[PDB]
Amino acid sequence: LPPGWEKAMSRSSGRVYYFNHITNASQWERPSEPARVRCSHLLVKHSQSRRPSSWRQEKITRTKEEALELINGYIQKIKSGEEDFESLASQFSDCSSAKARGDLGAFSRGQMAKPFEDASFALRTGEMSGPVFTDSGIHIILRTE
């Protein structure tokens, strides 16, 4: 299996699933290193973020837990095809990159917070993370290139 990925047993059905402890992705299907990646993301900030302010809200007061529920609800909508990533990033991301449908452009190792960077380099082009926590808040990361 590629970096980060482990096979596991689903507790509900008895079916195998796969999860990645670097990107927090999980999926039923069996899955599948670059110098640079291009990613977009959707940031949800909370009262404990480094800077609890954004273009959406002068004071961010939701808890970390409320931020995690928001993130989980956006992943559900993206995975079901109810909304696409770019639409939710534009409308709801607490990063100013929202204005570019979450696009951060291309970057190499040694530029972004570690947990964001590790998750980005562990995705393959096209794949999306689960909830990735950094000091900024909670992220959904889409690797575009």
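One-based numbering along the sequence shown.
request  = For the stretch from residue 32 to residue 33, please bin the deposited residues that the model skips: none, 1 to 3, 4 to 9, or 10 or more.
outcome  = Gap between residue 32 and residue 33: 10 or more residues without coordinates.
query = Per the PDB record, is the mean Cα temperature factor higher over 65 to 73 or over 48 to 56?
reply = Mean CA B-factor is higher for 48 to 56.
inquiry  = Comparing average C-alpha B factors as deposited, tell me which of 109 to 117 and 94 to 102 sits higher.
reply    = Going by the record's values, the stretch with the higher mean is 109 to 117.
key: Among modelled residues of the same chain, the CA temperature factor third for residue 129   = It falls in the bottom third of the chain.
task = Taking the chain's C-alpha temperature factors as the reference, tell me which third residue 123 falls into: lowest, middle or highest.
result = Middle third, going by the recorded CA B-factors of the chain.
task = Tell me, lowest, middle or highest third: where does the Cα B factor of residue 20 rank within its chain?
result = It belongs to the lowest third of the chain when residues are ordered by C-alpha B-factor.
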